[PDB]
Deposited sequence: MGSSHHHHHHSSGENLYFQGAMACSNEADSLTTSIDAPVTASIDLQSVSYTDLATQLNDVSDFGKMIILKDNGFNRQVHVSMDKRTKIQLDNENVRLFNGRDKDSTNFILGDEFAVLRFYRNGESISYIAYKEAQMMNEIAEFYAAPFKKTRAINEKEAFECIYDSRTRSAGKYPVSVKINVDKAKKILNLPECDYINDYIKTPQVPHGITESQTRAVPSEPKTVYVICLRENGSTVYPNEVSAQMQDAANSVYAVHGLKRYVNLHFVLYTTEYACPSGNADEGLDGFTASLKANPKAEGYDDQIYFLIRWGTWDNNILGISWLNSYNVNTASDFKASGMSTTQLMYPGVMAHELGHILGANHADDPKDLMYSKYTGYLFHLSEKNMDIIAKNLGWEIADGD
């Protein structure tokens, strides 16, 4: 009976429905031009997120629903798939911020003028100012013709993922949260790893900025900045990401220290990386987190760890899944 109308979905519509999701879950109907999708929504109790101390909650549908939600005080996201394409509904609470976000996402499409712009990008009203935006990331990338971007314990162990907003960079909370949600879900999807780890993401600003466009030099400087940062004292065994909106030289989406995190030996800020957070490249943080957990490049073009950027968000390599799970305390005898 509860429902979300995709022709007029606002922050208030998403917040009132998601805030009613109790421990037992709730059925919510997604309604789109007379066609409906019933989703069983549950609170994500494994991942915690703060962005500059602002609490962000995640929600999951069933496996067959391929639907996830994000909810903060300032914004809400609905993300699902249609013909394998990623579709996001992004809604900001404040009128000024929603207007700014709608202009930010509309601007690239105004440079070009595609006849099918509505299916890739659309401002949603309900009607002078928009209440949300709809973006089909797969369709948007083909219209914009962007450059080709390249690359058992009784309680689970809490692992912090400390994300640091690069000096001078602007990141958008819906985009950063989507990267974090996809990264955490890429780990829990492997060998029942929610039994071993619960990921806690935090976002702060750092004084560090990459000294050039080079990703390799940038990561050397970032890891060195962590060792000299007085705020990071006592946290050398956590996972770190330098984040920005943009990419590095040669359209590199991110970079990280391979096989640098193990639950028993983590130290000296070794488990560090850098990642873009822009909406058009989902799964970059997930790919770099996989690399930090020991995953190598995979040969399946549908693998999250494929050498080229693909848009796929899950580990498919059995060798990588075993390496990642073993680094988080799992053993074959434990099962899935």
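In this chain, the deposited residues that lack C-alpha positions fall in the ranges 1-39, 166-171, 197-217.
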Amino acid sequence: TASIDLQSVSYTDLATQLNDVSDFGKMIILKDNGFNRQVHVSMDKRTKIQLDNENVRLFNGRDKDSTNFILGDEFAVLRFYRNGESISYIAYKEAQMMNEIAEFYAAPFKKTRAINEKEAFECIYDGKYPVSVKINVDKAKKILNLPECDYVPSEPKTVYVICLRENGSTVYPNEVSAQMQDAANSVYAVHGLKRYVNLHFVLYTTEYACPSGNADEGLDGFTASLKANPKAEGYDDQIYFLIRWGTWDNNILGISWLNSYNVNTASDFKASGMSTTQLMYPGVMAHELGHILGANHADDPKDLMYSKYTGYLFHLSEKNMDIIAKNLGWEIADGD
From here on, numbers count along this sequence of modelled residues.
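Rigid core here is just the name for the largest C-alpha set that superposes within 1.5 Å across the two forms.
Between 223-231 and 238-246, the larger mean CA deviation from the shown form in 5 other deposited structures of this protein, after core superposition, belongs to 223-231. Root mean square Cα distance to the shown form, taken over structures and residues in 5 other deposited structures of this protein after a core fit, is higher for 110-118 when 110-118 and 163-171 are compared. Compared with other PDB entries of the same protein, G213 is present in all of those that resolve the residues around it, none of them, let alone a third, dropping it. Modelling of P156 is complete across the other compared entries in which both of its neighbours are modelled; not even a third of them leave it out.
For the pair 169-177 and 101-109, the mean B factor over Cα atoms is greater in 101-109. The PDB entry records a higher mean C-alpha B factor for 187-195 than for its counterpart among 187-195 and 72-80. Listed residues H287, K270, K302, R57 were ranked by CA B-factor as deposited; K302 comes out on top. As recorded in the PDB entry, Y129 shows the highest C-alpha B-factor of the residues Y208, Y92, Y89, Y129. Sorting the modelled residues of the chain by their CA temperature factor places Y151 in the highest third. Among all modelled residues in this chain, the alpha-carbon of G283 has a temperature factor (C-alpha) in the lowest third. Per the deposited record, the Cα B-factor of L144 falls in the highest third when ranked against the other modelled residues of its chain.
For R244, the recorded CA temperature factor ranks within the lowest third of the chain's modelled residues. Per the deposited record, the Cα B-factor of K134 falls in the middle third when ranked against the other modelled residues of its chain.
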